[PDB]
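Text of the file upload_18.cif, holding mmCIF, N, CA, C and O atoms and all ligand atoms:
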```cif
data_entry
loop_
_atom_site.label_atom_id
_atom_site.label_comp_id
_atom_site.auth_asym_id
_atom_site.auth_seq_id
_atom_site.Cartn_x
_atom_site.Cartn_y
_atom_site.Cartn_z
N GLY A 1 90.64 110.75 94.37
CA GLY A 1 90.83 109.35 94.07
C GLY A 1 90.86 109.07 92.58
O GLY A 1 91.43 109.83 91.81
N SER A 2 90.23 107.96 92.18
CA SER A 2 90.19 107.58 90.77
C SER A 2 88.78 107.72 90.21
O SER A 2 87.81 107.24 90.81
N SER A 3 88.67 108.37 89.06
CA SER A 3 87.37 108.58 88.42
C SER A 3 86.96 107.36 87.61
O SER A 3 87.62 107.00 86.64
N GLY A 4 85.87 106.72 88.03
CA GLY A 4 85.39 105.54 87.33
C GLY A 4 86.39 104.40 87.37
O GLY A 4 87.06 104.11 86.37
N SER A 5 86.50 103.74 88.52
CA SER A 5 87.43 102.63 88.68
C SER A 5 86.70 101.39 89.19
O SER A 5 87.23 100.64 90.02
N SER A 6 85.49 101.17 88.69
CA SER A 6 84.69 100.02 89.10
C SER A 6 85.45 98.72 88.86
O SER A 6 85.55 97.88 89.76
N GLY A 7 85.97 98.56 87.65
CA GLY A 7 86.72 97.36 87.32
C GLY A 7 85.94 96.10 87.63
O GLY A 7 84.71 96.10 87.72
N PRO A 8 86.67 94.98 87.80
CA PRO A 8 86.06 93.68 88.10
C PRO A 8 85.47 93.63 89.51
O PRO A 8 85.66 94.55 90.30
N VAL A 9 84.76 92.55 89.80
CA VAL A 9 84.14 92.37 91.11
C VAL A 9 85.16 91.90 92.14
O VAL A 9 86.35 91.78 91.85
N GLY A 10 84.69 91.61 93.35
CA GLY A 10 85.57 91.15 94.41
C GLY A 10 86.44 92.26 94.97
O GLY A 10 86.77 93.22 94.26
N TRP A 11 86.80 92.14 96.24
CA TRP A 11 87.64 93.14 96.89
C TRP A 11 89.11 92.78 96.79
O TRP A 11 89.53 91.71 97.25
N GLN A 12 89.90 93.66 96.19
CA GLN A 12 91.33 93.43 96.03
C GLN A 12 92.03 93.41 97.39
O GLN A 12 92.08 94.43 98.08
N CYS A 13 92.57 92.26 97.76
CA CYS A 13 93.27 92.11 99.03
C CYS A 13 94.17 93.31 99.30
O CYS A 13 95.01 93.69 98.47
N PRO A 14 94.00 93.93 100.47
CA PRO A 14 94.79 95.10 100.88
C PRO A 14 96.24 94.74 101.17
O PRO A 14 97.02 95.59 101.61
N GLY A 15 96.61 93.49 100.91
CA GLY A 15 97.97 93.05 101.14
C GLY A 15 98.59 92.41 99.92
O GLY A 15 99.73 92.72 99.56
N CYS A 16 97.85 91.52 99.27
CA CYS A 16 98.34 90.83 98.08
C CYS A 16 97.55 91.26 96.85
O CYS A 16 97.73 90.72 95.76
N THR A 17 96.67 92.24 97.03
CA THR A 17 95.85 92.75 95.93
C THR A 17 95.27 91.60 95.11
O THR A 17 95.28 91.64 93.88
N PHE A 18 94.77 90.58 95.79
CA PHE A 18 94.18 89.42 95.13
C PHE A 18 92.67 89.55 95.04
O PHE A 18 91.94 89.07 95.91
N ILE A 19 92.19 90.20 93.98
CA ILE A 19 90.76 90.39 93.78
C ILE A 19 89.97 89.21 94.33
O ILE A 19 89.75 88.22 93.63
N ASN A 20 89.53 89.32 95.58
CA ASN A 20 88.76 88.26 96.22
C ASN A 20 87.27 88.48 96.02
O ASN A 20 86.77 89.60 96.16
N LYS A 21 86.55 87.41 95.70
CA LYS A 21 85.11 87.48 95.49
C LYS A 21 84.45 88.34 96.57
O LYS A 21 84.89 88.38 97.72
N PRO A 22 83.36 89.03 96.19
CA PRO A 22 82.61 89.89 97.11
C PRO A 22 81.86 89.09 98.16
O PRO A 22 81.20 89.67 99.03
N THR A 23 81.95 87.77 98.08
CA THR A 23 81.28 86.90 99.03
C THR A 23 82.26 86.29 100.02
O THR A 23 81.87 85.78 101.07
N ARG A 24 83.55 86.36 99.69
CA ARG A 24 84.59 85.82 100.55
C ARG A 24 85.26 86.93 101.35
O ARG A 24 86.09 87.69 100.84
N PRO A 25 84.90 87.03 102.64
CA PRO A 25 85.45 88.05 103.54
C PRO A 25 86.92 87.79 103.87
O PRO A 25 87.52 88.51 104.67
N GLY A 26 87.49 86.76 103.26
CA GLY A 26 88.88 86.42 103.50
C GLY A 26 89.68 86.30 102.22
O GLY A 26 89.11 86.24 101.13
N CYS A 27 91.00 86.26 102.35
CA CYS A 27 91.88 86.15 101.20
C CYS A 27 92.30 84.70 100.97
O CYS A 27 92.17 83.86 101.86
N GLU A 28 92.80 84.42 99.77
CA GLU A 28 93.23 83.07 99.43
C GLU A 28 94.75 82.97 99.42
O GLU A 28 95.32 81.98 99.87
N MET A 29 95.41 84.01 98.91
CA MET A 29 96.86 84.04 98.84
C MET A 29 97.46 84.19 100.24
O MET A 29 97.95 83.22 100.82
N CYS A 30 97.43 85.41 100.76
CA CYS A 30 97.97 85.69 102.09
C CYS A 30 96.89 85.56 103.16
O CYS A 30 97.05 86.04 104.28
N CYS A 31 95.78 84.92 102.80
CA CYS A 31 94.67 84.73 103.73
C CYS A 31 94.53 85.93 104.65
O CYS A 31 94.13 85.79 105.81
N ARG A 32 94.85 87.11 104.13
CA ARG A 32 94.76 88.34 104.91
C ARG A 32 93.31 88.81 105.03
O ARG A 32 92.68 89.14 104.03
N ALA A 33 92.80 88.83 106.25
CA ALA A 33 91.42 89.25 106.50
C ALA A 33 91.02 90.38 105.56
O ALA A 33 91.86 91.17 105.13
N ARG A 34 89.74 90.45 105.24
CA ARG A 34 89.23 91.49 104.34
C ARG A 34 89.16 92.84 105.05
O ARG A 34 88.79 92.93 106.22
N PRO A 35 89.53 93.90 104.33
CA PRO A 35 89.53 95.27 104.87
C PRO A 35 88.11 95.79 105.10
O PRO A 35 87.42 96.17 104.16
N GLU A 36 87.69 95.81 106.36
CA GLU A 36 86.36 96.29 106.72
C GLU A 36 85.99 97.53 105.90
O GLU A 36 84.90 97.62 105.35
N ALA A 37 86.92 98.48 105.83
CA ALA A 37 86.70 99.71 105.08
C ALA A 37 85.96 99.43 103.77
O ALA A 37 84.97 100.09 103.46
N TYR A 38 86.45 98.45 103.02
CA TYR A 38 85.84 98.09 101.75
C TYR A 38 84.32 98.00 101.88
O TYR A 38 83.79 97.88 102.98
N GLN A 39 83.63 98.05 100.74
CA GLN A 39 82.18 97.97 100.73
C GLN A 39 81.70 96.91 99.74
O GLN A 39 82.14 96.88 98.59
N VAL A 40 80.80 96.05 100.19
CA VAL A 40 80.26 94.99 99.34
C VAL A 40 78.81 95.27 98.97
O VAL A 40 78.00 95.70 99.79
N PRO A 41 78.47 95.03 97.69
CA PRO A 41 77.11 95.25 97.18
C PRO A 41 76.11 94.25 97.73
O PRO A 41 75.92 93.17 97.17
N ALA A 42 75.47 94.61 98.84
CA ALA A 42 74.49 93.75 99.48
C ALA A 42 73.58 93.09 98.44
O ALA A 42 73.53 93.52 97.29
N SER A 43 72.88 92.04 98.85
CA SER A 43 71.98 91.33 97.95
C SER A 43 72.75 90.69 96.80
O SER A 43 72.29 90.68 95.66
N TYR A 44 73.93 90.17 97.11
CA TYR A 44 74.77 89.53 96.10
C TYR A 44 74.78 88.02 96.27
O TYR A 44 74.67 87.51 97.38
N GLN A 45 74.91 87.30 95.15
CA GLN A 45 74.93 85.85 95.18
C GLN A 45 76.08 85.30 94.34
O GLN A 45 76.60 85.97 93.45
N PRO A 46 76.50 84.07 94.65
CA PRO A 46 77.60 83.41 93.94
C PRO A 46 77.23 83.03 92.51
O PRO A 46 78.02 82.42 91.79
N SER A 47 76.02 83.41 92.10
CA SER A 47 75.54 83.11 90.76
C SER A 47 75.47 81.60 90.53
O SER A 47 75.89 81.10 89.49
N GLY A 48 74.92 80.89 91.51
CA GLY A 48 74.80 79.44 91.40
C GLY A 48 73.85 79.03 90.30
O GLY A 48 73.02 79.81 89.83
N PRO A 49 73.97 77.76 89.86
CA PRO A 49 73.12 77.22 88.79
C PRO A 49 71.67 77.03 89.24
O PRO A 49 71.37 77.07 90.43
N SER A 50 70.78 76.83 88.28
CA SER A 50 69.37 76.63 88.57
C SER A 50 68.73 75.66 87.59
O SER A 50 69.41 75.11 86.72
N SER A 51 67.43 75.45 87.73
CA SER A 51 66.70 74.54 86.85
C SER A 51 67.30 73.14 86.91
O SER A 51 67.48 72.49 85.88
N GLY A 52 67.62 72.68 88.12
CA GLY A 52 68.20 71.36 88.29
C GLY A 52 69.43 71.16 87.43
O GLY A 52 69.36 70.44 86.44
ZN ZN B 1 95.85 88.34 100.26
#
```
Spit out the file's structure as structure tokens when you get a sec.
Ligand SMILES: [Zn+2]
Amino acid sequence: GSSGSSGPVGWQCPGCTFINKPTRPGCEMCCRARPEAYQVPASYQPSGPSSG
């Protein structure tokens, strides 16, 4: 495969290669379901704001 290809986050749509957030199991462009094969880093958050 590719040596050191971490790149940006999110799973690249297996159809439109649309780097979709690691929290969105679906696509936005071709709304093509997320490829189960892919792997998401458990214990992940949308990085929401805090401190009111
Ligand atoms: Zn897509």
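Selection of all polymer residues within 4.5 Å of ligand ZN 1 (chain B) on the basis of only N, CA, C and O atoms and all ligand atoms gives residues 16, 29, 30, 31 and 32 of chain A.
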* When you draw a straight line from atom C of residue 3 in chain A to atom C of residue 26 in chain A, how long is it in Å? ->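 Distance between the two atoms: 25.8 Å.
The shell of residues at most 10 Å from residue 11 in chain A, with only C-alpha atoms counted and near chain neighbours (fewer than 6 positions) removed, consists of residues 17, 18, 19, 20, 21, 22, 23, 24, 25, 26, 27, 34, 35, 38, 39 and 40 of chain A.
With atom C of residue 37 in chain A on one side and atom C of residue 2 in chain A on the other, the separation reads 16.1 Å.
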* Which value, in Å to one decimal, gives the distance between atom C of residue 44 in chain A and atom C of residue 12 in chain A? ->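 One can read the atom C of residue 44 in chain A to atom C of residue 12 in chain A distance as 18.1 Å.
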Taking every listed atom of range 21-33 of chain A and adding 5 Å to each side, what centre and edge lengths in Å (one decimal) does the axis-aligned box have, as lines of an AutoDock Vina configuration file?
```
center_x = 89.6
center_y = 86.6
center_z = 101.0
size_x = 26.8
size_y = 19.2
size_z = 21.0
```
